[PDB]
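**Q** Here it is, the structure in full.
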2 protein chains.
Amino acid sequence: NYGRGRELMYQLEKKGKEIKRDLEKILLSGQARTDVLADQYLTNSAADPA
Amino acid sequence: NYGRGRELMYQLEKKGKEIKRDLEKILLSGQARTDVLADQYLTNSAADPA
């Protein structure tokens with residue numbers, strides 16, 4: 001190429017920077033919690049309902 | 001008494017042996033594990049708070 005070095009390490013660093021930015025935004029934001037596990041027998045009885 | 005000691009330690013040992021007799025008789029019974037909980041340990045999204 002003429003200004004680019006490679007199409008993998010460059011894109012990999014790109015995706016790393018992007019994932020860090022995503023984490024930074026997600027932690028300090030309104031990312032409401034959404035879970036399906038409505039566990040009832042917790043407190044030293046660890047199991048997944050039927 | 002003119003044929004025994006006190007009426008507390010005698011009865012104490014009497015009950016301390018009766019309790020072991022009752023335990024042995026129970027372990028060989030067929031009681032169906034009557035309890036109050038509802039087996040809600042693993043699924044944390046449900047747990048009897050009543």
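In the structure tokens, chains take the letters A, B, ... in the order shown, each chain's residues start at 1, and ligands count up from 1 in the order shown.
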Per residue of chain A within 8 Å of chain B, note the shortest atom pair and the distance in Å to one decimal, counting only C-alpha atoms, and order the rows by chain and increasing residue number, as a Markdown table.

**A**
| residue | atom | partner | partner_atom | distance |
| --- | --- | --- | --- | --- |
| A:36 | CA | B:45 | CA | 7.7 |
| A:37 | CA | B:45 | CA | 5.1 |
| A:38 | CA | B:45 | CA | 2.0 |
| A:39 | CA | B:43 | CA | 2.3 |
| A:40 | CA | B:46 | CA | 3.0 |
| A:41 | CA | B:41 | CA | 1.7 |
| A:42 | CA | B:41 | CA | 3.4 |
| A:43 | CA | B:41 | CA | 6.3 |
| A:44 | CA | B:41 | CA | 7.0 |
| A:45 | CA | B:41 | CA | 4.3 |
| A:46 | CA | B:42 | CA | 3.9 |
| A:47 | CA | B:42 | CA | 3.2 |
| A:48 | CA | B:42 | CA | 4.8 |
| A:49 | CA | B:43 | CA | 5.4 |

**Q** With chain A laid on chain B by least squares, using all C-alpha atoms in order, how large is the RMSD?

**A**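 Chain B versus chain A: RMSD of 2.6 Å.
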
**Q** Any idea what the distance is between CA of residue 25 in chain B and CA of residue 13 in chain B?

**A** 18.4 Å

**Q** With DSSP run on the backbone, what are the alpha helix (DSSP H) residues within chain B? I'd like them as a PyMOL selection string.

**A** chain B and resi 9-27

**Q** Could you please take those selected residues and save N, CA and C atoms as a compact mmCIF listing (two decimals), in the first residue's frame?

**A**
# COMPACT_ATOMS: atom_id res chain seq x y z
N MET B 9 -30.54 -35.85 87.56
CA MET B 9 -29.52 -36.51 86.76
C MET B 9 -29.99 -37.86 86.25
N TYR B 10 -30.71 -38.62 87.08
CA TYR B 10 -31.31 -39.87 86.60
C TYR B 10 -32.19 -39.61 85.39
N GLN B 11 -33.15 -38.69 85.53
CA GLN B 11 -34.03 -38.37 84.41
C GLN B 11 -33.25 -37.75 83.26
N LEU B 12 -32.19 -37.00 83.56
CA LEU B 12 -31.39 -36.41 82.50
C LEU B 12 -30.77 -37.48 81.62
N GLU B 13 -30.13 -38.48 82.23
CA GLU B 13 -29.56 -39.57 81.45
C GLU B 13 -30.65 -40.38 80.76
N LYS B 14 -31.77 -40.59 81.45
CA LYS B 14 -32.91 -41.27 80.83
C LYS B 14 -33.28 -40.60 79.51
N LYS B 15 -33.44 -39.27 79.52
CA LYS B 15 -33.82 -38.57 78.31
C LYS B 15 -32.68 -38.53 77.30
N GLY B 16 -31.44 -38.45 77.78
CA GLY B 16 -30.30 -38.45 76.87
C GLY B 16 -30.16 -39.75 76.10
N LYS B 17 -30.67 -40.84 76.67
CA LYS B 17 -30.70 -42.10 75.94
C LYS B 17 -31.98 -42.25 75.11
N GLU B 18 -33.11 -41.77 75.64
CA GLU B 18 -34.35 -41.77 74.87
C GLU B 18 -34.20 -40.99 73.57
N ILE B 19 -33.40 -39.92 73.58
CA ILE B 19 -33.26 -39.10 72.38
C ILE B 19 -32.50 -39.87 71.31
N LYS B 20 -31.47 -40.63 71.70
CA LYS B 20 -30.76 -41.45 70.74
C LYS B 20 -31.65 -42.56 70.21
N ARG B 21 -32.45 -43.17 71.09
CA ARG B 21 -33.41 -44.17 70.62
C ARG B 21 -34.36 -43.56 69.59
N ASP B 22 -34.87 -42.36 69.86
CA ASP B 22 -35.78 -41.71 68.92
C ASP B 22 -35.08 -41.40 67.61
N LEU B 23 -33.83 -40.94 67.67
CA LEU B 23 -33.07 -40.65 66.46
C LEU B 23 -32.92 -41.90 65.60
N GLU B 24 -32.49 -43.01 66.22
CA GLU B 24 -32.33 -44.25 65.48
C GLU B 24 -33.66 -44.69 64.87
N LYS B 25 -34.74 -44.60 65.65
CA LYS B 25 -36.05 -44.98 65.12
C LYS B 25 -36.47 -44.09 63.96
N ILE B 26 -36.04 -42.83 63.97
CA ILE B 26 -36.44 -41.90 62.92
C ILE B 26 -35.66 -42.18 61.64
N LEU B 27 -34.34 -42.35 61.76
CA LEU B 27 -33.51 -42.53 60.56
C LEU B 27 -34.00 -43.69 59.71

**Q** Would you compute the distance between CA of residue 50 in chain B and CA of residue 50 in chain A? Give it in Å to one decimal.

**A**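 CA of residue 50 in chain B sits 22.1 Å away from CA of residue 50 in chain A.
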